[PDB]
Enquirer: 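Here's a structure for you.
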Amino acid sequence: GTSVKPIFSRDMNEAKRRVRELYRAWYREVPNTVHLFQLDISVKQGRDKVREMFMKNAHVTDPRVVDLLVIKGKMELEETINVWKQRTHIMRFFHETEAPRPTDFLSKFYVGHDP
Amino acid sequence: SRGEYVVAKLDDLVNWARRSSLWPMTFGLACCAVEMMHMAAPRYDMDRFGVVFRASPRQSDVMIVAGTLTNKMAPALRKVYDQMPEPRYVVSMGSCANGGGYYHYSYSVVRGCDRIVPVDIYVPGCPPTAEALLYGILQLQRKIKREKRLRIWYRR
Amino acid sequence: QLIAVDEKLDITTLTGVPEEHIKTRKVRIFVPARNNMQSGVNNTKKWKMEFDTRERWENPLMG
Amino acid sequence: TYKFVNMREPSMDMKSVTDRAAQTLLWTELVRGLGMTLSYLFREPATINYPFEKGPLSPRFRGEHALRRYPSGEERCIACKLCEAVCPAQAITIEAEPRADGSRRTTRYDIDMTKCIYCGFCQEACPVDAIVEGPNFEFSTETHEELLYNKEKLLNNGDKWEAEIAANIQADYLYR
Amino acid sequence: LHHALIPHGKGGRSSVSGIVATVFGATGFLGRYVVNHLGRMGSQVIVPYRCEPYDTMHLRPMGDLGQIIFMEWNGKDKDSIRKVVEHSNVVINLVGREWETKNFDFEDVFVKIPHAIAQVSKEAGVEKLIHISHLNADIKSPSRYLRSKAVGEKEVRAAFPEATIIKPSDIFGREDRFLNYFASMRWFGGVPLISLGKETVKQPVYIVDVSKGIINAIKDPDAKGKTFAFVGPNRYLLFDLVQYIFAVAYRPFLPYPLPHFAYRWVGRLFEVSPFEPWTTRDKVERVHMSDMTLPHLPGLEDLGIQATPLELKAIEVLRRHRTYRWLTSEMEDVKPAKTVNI
Amino acid sequence: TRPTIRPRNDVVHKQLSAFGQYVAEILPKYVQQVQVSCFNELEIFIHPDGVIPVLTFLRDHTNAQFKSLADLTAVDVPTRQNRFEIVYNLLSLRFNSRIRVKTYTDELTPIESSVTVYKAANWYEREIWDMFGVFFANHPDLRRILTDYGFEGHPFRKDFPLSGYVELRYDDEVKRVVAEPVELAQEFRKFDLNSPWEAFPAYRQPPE
Amino acid sequence: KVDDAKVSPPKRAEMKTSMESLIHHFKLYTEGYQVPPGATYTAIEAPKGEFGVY
Amino acid sequence: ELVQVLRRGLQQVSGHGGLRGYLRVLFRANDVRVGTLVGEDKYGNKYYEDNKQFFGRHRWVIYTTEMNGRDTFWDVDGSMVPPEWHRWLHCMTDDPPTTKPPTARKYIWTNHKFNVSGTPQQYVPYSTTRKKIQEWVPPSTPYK
Amino acid sequence: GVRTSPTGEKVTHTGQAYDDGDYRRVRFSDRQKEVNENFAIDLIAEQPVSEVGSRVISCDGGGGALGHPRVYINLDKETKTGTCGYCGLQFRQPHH
Ligand SMILES: CCCCCCCCCCCCCCCCC[C@@H](O)O[C@H](CO[C@H](O)CCCCCCCCCCCCCCC)COP(=O)(O)OCC[N+](C)(C)C
Ligand SMILES: NC(=O)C1=CN([C@@H]2O[C@H](COP(=O)(O)OP(=O)(O)OC[C@H]3O[C@@H](n4cnc5c(N)ncnc54)[C@H](OP(=O)(O)O)[C@@H]3O)[C@@H](O)[C@H]2O)C=CC1
Ligand code: SF4
Ligand code: SF4
Ligand code: SF4
Ligand SMILES: [Zn+2]
């Protein structure tokens, strides 16, 4: 029951199909993105970043949430293909100027009060 | 010494030439651009000081940041600043450009253009009057008058 | 058309909140206490959600 | 009640046709515009000789902020924090404590001039005419930090500009 | 720790790191990176400068409000050094010139100035001093640059026994002289190399690696009196290195051997330029001299730094040296050069 | 009561009430509530499914002729199960009148795009997507309009922090503008201004 | 301004002589006046077209 | 006629103190007009008016050549006007300070200062409050 | 009422001066500290006590509408003087 209205997908199978289509599109786009933006990364790095961004949302079990995530990914892809993004926007995915925040207990206890 | 006198005189000549011909980029963001226009208007007539707007960044000497700088717009401001040939100067006009201003605590506003580019003169006001902007421009001229590049090169 | 989703609601992936501010945050749901300096009770009518207090320090300039 | 701006029909008589042909071939209206510019060339320009001449201002003008004193030399501010509460940009920071003689005075009074929108709400809110926006507007700096005013700087501004601030207030306090 | 110098915040721009650092030679190639890394975490940075203040403007956005303080200084004045190191718990020295002027020779910038800095900082109570010398610093090297580096290193150790000494080797970066120096020879048509560069081995290191190593050495409590050697992960023959450099820039590589005396004569001819010389005799000697091997000194990995290979960062320097035809070529299209390791 | 109090207009009130009854009678399938405010403004609360029918009627019926879309926006009320409240403001030049149409949605339920009814809706709908995250079905070109490229989240939501999560600055090492976690030299100072005494008895709620 | 001190601030002479005026000035410049609940769409003929506030 | 305009120019150069004073005013203010001396300032600035000019050009100041410490022959700015003459010069009032002197207080600055930015007298912000948390001071004697 | 700290730094009327070990003094080097000269506490202490023949007096700071809100001060205590909480002026009845 739960009386919900779909966006594009009725069950998860169609959601995974749309996810695979979007992943194909991003995988194909990565080399052109590296060429056009004159990025100093490799195509392997870009595809690894795409895979990591996709794997970030692997735990989702709601087809509507997956549908909205695919819509957002298509927005990002159309934004990259048309060069509406700049090199700064693409490079924001890599966090090159952020110092690595430690995750173990002792370093956190040393640096400050935040958990 | 003769060499020190010569470099001082050449330094003065170059400083006079640069301060007497300051070409701001035709570039405005928000409310402050209206007061910039009124500075260009006949009442104040910045052109009489040798200050002429030019659209192309390559033919400009000064960037007057006149208005709010947002996150979406900051890369464009940085880019047109980088395409200015040197020597180049930046004037931060208004509260929004100086420190964020009314929109300091906003998710989309850069808290001062000096996070993006180096700034030579800060002109307070929301907006500064056209007279205040003229005062800032003449202060920038005085600062250019103070600089000594040839003397520093000679004493190296 | 209805699809009969069986799962609990979860919108974390869509909200855009960094994960550090999703997992390590503790919220308090409470009706705020009446301010003891006044007798009015109009501020004790609604429920409030507020986050756990984090570090505040002194700015080296201007304090 | 409305009027039409472009609903007129040209006259089709031979004289009007010949006049329009003369306008087309001899450029009469272009010479009219040239005459307008030539007329402007012989007028006196509206430019003033800044900085030797200044633009007119008003006693209500809002410029650099200042903290004032009573004629005895005691400060007017009592640290009520009304200006801090009304400030739309949260540009005022205040800390207070009892003075050594028990007076209610500030220990910190900061105005961030790069946050301030120069709206004058603080001086409307002040019940003792302690904080004012003065007449000065030529206070551009070379660094961002020089525009972060503390209590000493504002007190200094008040001592420096009081002669003009009091005269400006005297000419406008009956409108307030 | 003097409560005002207790770390606070999340280590960002508005945070307090507890470091008050005076960075001599901050207006140079390495200085801008060092100051950027210091201002990233919320440090108080004091910048002594003798150049025109315009030449310092690029350092302004590197800190929060009030976190970067510019002061005029003179290398021959000890009162000025005292003035600029009075309130600092860290003093970093990066002063150096690849050529000699009429007012400052190698011994002034590499012996006298470092010794005065170390002595004044020891008098003032500065807790930490970082000094930068060269990997190839030797008392009897053919280059007076490295001889002066060795003498000044001994002087700094004498005047500040608890100083950390860092010995990098041929730093490369966007504003470096190393990669740009080899890429600029295309204007002469051919690349002159002594012995065709087959007798020279180089171990260049990334600029960000050196800056991170300096920052970590500041934050390392046991790195007090240690001496570090900052080197890259790979060693190359000079011929192979220059060939790779020209391959990344997509320029025709036409190397020819030039005898040592002829190259020295060319360096002397270029030395008479009143401006920054294109090359010098000392630069010629340093270019065709193999990088030393010092396995007994702690390296970048002992400071937690994993060295960045030149194959990952060469494009960011050499894409500017390409023509429009090859401007969009990707980084993995160049086939990394051969490394003579062990 | 005379000088400082806003005057009333009962004729406009009666006309708006009669027209609200008219609209409710014509479209019982979607109309849930009709209200006329004390300052003579007419509002119709409808079901989401009737977004396209209702509006079409209000634009095409000879007696409505609301041919102008003045504004379309959203309101966030986190306490409701349906978080978002979609508001259409319409103007009729023929009868010199204004009407408000309200409906509701939540984060995962899309709303029908009304660009086919009003071409003005296009950007408005995009804005609602950008500020609130409400998806509009069958929108010709739906994407961000106001926020920065790559911006995560929807700022106009009530739970979104005022200063956001990231800030921008130029970095000279990577030689570009970078985004980092937000740090404020002076934290925004939250004020608790609500008086503990009731101001308006006419809006008092039952004590539950 | 409207002669209603619970919305519009009193004059400074009244604020410095009357107790009610001082209380109303304090509360108006600290908390501000409360507005009864409700929603409005107000439009004017601004020089660039219809300008509205919801 | 044109001859009267030339005679006006000749009397303008004559009334500026001769030829060298004429050139001094021309190269110092880019203006050679003659006006009634409204007054003189204690720092050397002179204030003139001429009500026949249009509003804006009817009041002006010839700045001093020697301010507090700096040479202001060429380097002048509007910040050098003292507050009373500042009120008169910007037309906030019609009366000069000579005829309507400002009210005297013992805390008003007796020496006007100009804009001191970019100068060793520039304002440097700092916190004016005292320390909030006091740390415990360990005893100076051995514990055993 | 200015006075210098052992470091030679002026002490403001709030009493603030950087400690000996405080690095923040470096902001001051090659420049100056603002330090407003007039101390309001001393200036108000130099004012003479006013004598009035009434138990209750009124103060408004002078200037009428240009002063502070008008307050009433009781003068029944003979061991002290009535002090305005706004202006700082002191009042007393003719005693002894
Ligand atoms: C044969 C020629 C070969 C070279 C060709 C180049 C052209 C020759 C150079 C032209 C010289 C003209 C420049 C002199 C103008 C100075 C004007 C004066 O007013 O400036 C003063 C100060 O002047 C400068 O300090 C010095 C200027 C010149 C210094 C040395 C000149 C040496 C030139 C010799 C030729 C060298 C060429 C070498 C190549 C062959 C202060 O003015 P300023 O404060 O701003 O304005 C304030 C405005 N107010 C007054 C209204 C408030
Ligand atoms: N590949 C490399 O870069 C090699 C660097 N070396 C050492 O690393 C240090 C920094 O390197 P790098 O940044 O590339 O060198 P740079 O030439 O780029 O910068 C030198 C700095 O020292 C200052 N300076 C130089 N001479 C004087 C002087 N006589 N008086 C005052 N200041 C002076 C310069 O200031 P100003 O602008 O006024 O000239 C400048 O700020 C140097 O000590 C160098 O010897 C170590 C191995 C690698
Ligand atoms: S500072 Fe004020 S006037 Fe200038 S752009 Fe910002 S809001 Fe507009
Ligand atoms: S003028 Fe307005 S913005 Fe500025 S401090 Fe006063 S209240 Fe705040
Ligand atoms: S300046 Fe005025 S409003 Fe602000 S705290 Fe002082 S007395 Fe109150
Ligand atoms: Zn009083």
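Read the numbers this way: they start at 1 and go in the same order the structure lists the ligands and their atoms. Computed over heavy atoms, backbone and side chain alike; hydrogens, waters and symmetry mates excluded. Naming: A, B, ... by sequence-line order, numbering from 1 per chain.
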Enquirer: Looking at ligand 4, would D/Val86 count as a contact under a 4.0 Å heavy-atom criterion?
Expert: no
Enquirer: Among all the protein's non-hydrogen atoms, which is closest to atom 3 (S) of ligand 4, and how far away is it?
Expert: D/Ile117 N, 3.2 Å
Enquirer: Quick check with a 6.0 Å cut-off and a 45 degree axis cone: is H/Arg57 positioned over the face of H/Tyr48's six-membered ring?
Expert: no
Enquirer: Under a 4.0 angstrom heavy-atom cut-off, which atoms of ligand 4 come close to D/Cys87?
Expert: 3 (S), 5 (S), 7 (S), 8 (Fe)
Enquirer: Under 3.5 Å, side-chain donor or acceptor atoms of residues 109-117 of chain D against the rest of the protein: list the pairs with distances, not counting sequence neighbours.
Expert:
residue: D/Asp110; atom: OD2; partner: D/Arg108; partner atom: NH1; Å: 2.6
residue: D/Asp112; atom: OD1; partner: D/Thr114; partner atom: N; Å: 3.1
residue: D/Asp112; atom: OD1; partner: D/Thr114; partner atom: OG1; Å: 2.8
residue: D/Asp112; atom: OD2; partner: D/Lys115; partner atom: NZ; Å: 2.8
residue: D/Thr114; atom: OG1; partner: D/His144; partner atom: NE2; Å: 3.3

Enquirer: Go through ligand 4 atom by atom and flag the ones less than 4.0 Å from a non-hydrogen atom of D/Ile92.
Expert: 5 (S)
Enquirer: Using ring-ring contact (aromatic ring centres under 6.0 Å, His included) as the criterion, list what pairs up with G/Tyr33, not counting sequence neighbours.
Expert: none
Enquirer: Do any N or O atoms from the side chain of H/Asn115 and from the backbone of D/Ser140 form a donor-acceptor pair under 3.5 angstrom?
Expert: yes
Enquirer: Answer yes or no on whether D/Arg62 is positioned over the face of D/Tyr118, meaning its NZ or CZ is under 6.0 Å from the six-membered ring centre and within 45° of the axis.
Expert: no
Enquirer: Between B/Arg111 (side chain only) and B/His104 (backbone N and O only), is there a donor and an acceptor less than 3.5 Å apart?
Expert: yes
Enquirer: Under 4.0 Å from ligand 4, counting heavy atoms only, is it the side chain of D/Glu133, its backbone, both or neither?
Expert: side chain
Enquirer: Under 6.0 Å from the six-membered ring centre of B/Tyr5 and within 45° of its axis: does the NZ or CZ of B/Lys9 meet both?
Expert: yes
Enquirer: Is the NZ or CZ atom of H/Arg28 positioned over H/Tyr63's six-membered ring, under 6.0 angstrom from the centre and within 45° of the axis?
Expert: no
Enquirer: Checking side-chain polar atoms at under 3.5 Å, does H/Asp77 have a donor or acceptor matched by the opposite partner on B/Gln139?
Expert: no
Enquirer: Salt bridge (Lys or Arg N to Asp or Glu O under 4.0 Å) for G/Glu14 and G/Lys11? Distances and angles first, verdict last.
Expert: CA-CA 5 Å; G/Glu14 296 154 4; G/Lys11 288 173 169 173; 5.4 Å; no
Enquirer: At distances under 2.8 Å, what protein N, O or S atoms surround atom 8 (Fe) of ligand 5?
Expert: D/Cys80 SG
Enquirer: Should the ring pair H/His16 and H/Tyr22 be called parallel, tilted or perpendicular, given that the plane angle runs from 0 to 90° and is split at 30 and 60?
Expert: tilted
Enquirer: Would you call B/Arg19-B/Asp61 a salt bridge at under 4.0 Å N-O?
Expert: no
Enquirer: Looking only at protein heavy atoms, identify the closest one to atom 4 (Fe) of ligand 4 and say how far it is in Å.
Expert: D/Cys116 SG, 2.3 Å
Enquirer: If you measure from each non-hydrogen atom of D/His65 to ligand 4, which part falls under 4.0 Å: side chain, backbone, both or neither?
Expert: side chain
Enquirer: Which atoms of ligand 5 have any heavy atom of D/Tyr109 under 4.0 Å away?
Expert: 1 (S), 4 (Fe)
Enquirer: Can you tell me which residue and heavy atom of the protein come closest to atom 6 (Fe) of ligand 4, and the distance to 0.1 Å?
Expert: D/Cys122 SG, 2.3 Å
Enquirer: Taking only heavy atoms of the protein into account, state which residues are under 4.0 angstrom from an atom of ligand 1, in chain and number order.
Expert: B/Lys9, B/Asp12, B/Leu13, B/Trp16, B/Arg19, B/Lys145, H/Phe27, H/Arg28, H/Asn30, H/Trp74
Enquirer: I'd like to check which ligand 4 atoms, numbered from 1 as shown, lie under 4.0 Å from a non-hydrogen atom of D/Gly120.
Expert: 1 (S), 2 (Fe)
Enquirer: When you measure from the side chain of D/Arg76 to the backbone N and O of I/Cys87, does any donor-acceptor pair fall under 3.5 Å?
Expert: no
Enquirer: Under a 3.5 Å threshold, yes or no: a donor from one side chain and an acceptor from the other, between H/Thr128 and D/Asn150?
Expert: no
Enquirer: Salt-bridged, H/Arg59 to H/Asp50, with N to O below 4.0 Å?
Expert: no
Enquirer: What protein heavy atom is closest to atom 2 (Fe) of ligand 4, reported as residue, atom name and distance in Å?
Expert: D/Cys119 SG, 2.3 Å
